[PDB]
Amino acid sequence: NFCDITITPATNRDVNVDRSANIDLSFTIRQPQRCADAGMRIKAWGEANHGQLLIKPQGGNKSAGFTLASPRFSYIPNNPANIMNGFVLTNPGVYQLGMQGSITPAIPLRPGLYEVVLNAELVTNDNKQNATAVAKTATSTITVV
């Protein structure tokens with residue numbers, strides 16, 4: 013009932029973009045309100061060098077992908093935590109990870125379609141090691157021309 017999980021609409025682009033300019037794309041991972049309040053931590057991760065969020069060519073490697081300029085992380089202010097266990101997590105009482113990146117002029121556009129994936133999971137209730145419960149997935153193709 014009181015659990016919300018979502019990787020938000022800033023996923024995917026329109027038809028095509030040939031601009032080398034700031035195209036800010038704000039992605040989000042939401043976790044169960046009641047489970048967070050139950051003493052459980054939120055899990056969210058992406059594809060960056062630190063597994064946070066990354067835009068990389070479809071069929072390509074994340075190490076060849078393009079960095080999100082300056083990724084920012086927003087959340088529900090209350091009980092935070094350190095980025096460990098292979099992902100970003102807060103303390104119980106919080107269920108939010110807003111990962112907003114920007115495909116910037118820092119990369120000259122020309123490669124084919126990009127893929128952006130965000131993953132979600134609830135830990136601590138199930139197990140608190142690294143990966144154990146329901147991992148959600150959302151991948152979006154960004155058309156760069």
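Residues in the sequence shown are numbered consecutively from 13, following PDB author numbering. Every residue gets a Cβ at the ideal spot worked out from N, C-alpha and C, and that includes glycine.
* Asked: Which of the three DSSP states, helix, strand or coil, is assigned to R46?
  -> What you label residue 46 is simply residue 34 of the sequence shown in a count that begins at 1. Looking at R46 - three-state DSSP - the assignment turns out to be helix.
* To do: State buried or exposed for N142, treating a residue as buried only when at least 16 other CB atoms are found within 10 Å of its CB.
  => Sequence index remark: in the sequence shown, residue 142 carries index 130 (1-based). That one is exposed.
* N-terminal and C-terminal residue of the beta strand (DSSP E) that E127 is part of -> Taking the sequence shown and counting its residues from 1, one reaches residue 127 at position 115. Note, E127: beta strand (DSSP E), 126-134.
* To do: Pull up the DSSP beta-bridge partners for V100, would you.
  => Numbered from 1 along the sequence shown, position 88 holds the residue referred to as residue 100. Partner(s): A56.
* Per DSSP, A150 forms a beta bridge with which residues? -> Locating residue 150 in the sequence shown gives position 138, counting from the first residue. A150 pairs with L130.
* Indicate the three-state DSSP secondary structure (helix, strand or coil) for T144 in the structure shown. => Residue mapping note: residue 144 aligns to position 132 of the sequence shown, counting from 1. Correct three-state label for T144: coil.
* **Own chain, CB closer than 7 Å to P123, minus 5 neighbours either side, in chain order** => Taking the first residue of the sequence shown as 1, we reach residue 123 at position 111. The residues are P69, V156.
* According to DSSP, which residues form a beta bridge with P69? -> One-based indexing of the sequence shown puts residue 69 at position 57. Paired residues: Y126.
* Beta-carbon separation of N94 and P104 under 8 Å? -> Residue mapping note: residue 94 aligns to position 82 of the sequence shown, counting from 1. Residue mapping note: residue 104 aligns to position 92 of the sequence shown, counting from 1. For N94 and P104, no; Cβs fall outside 8 Å.
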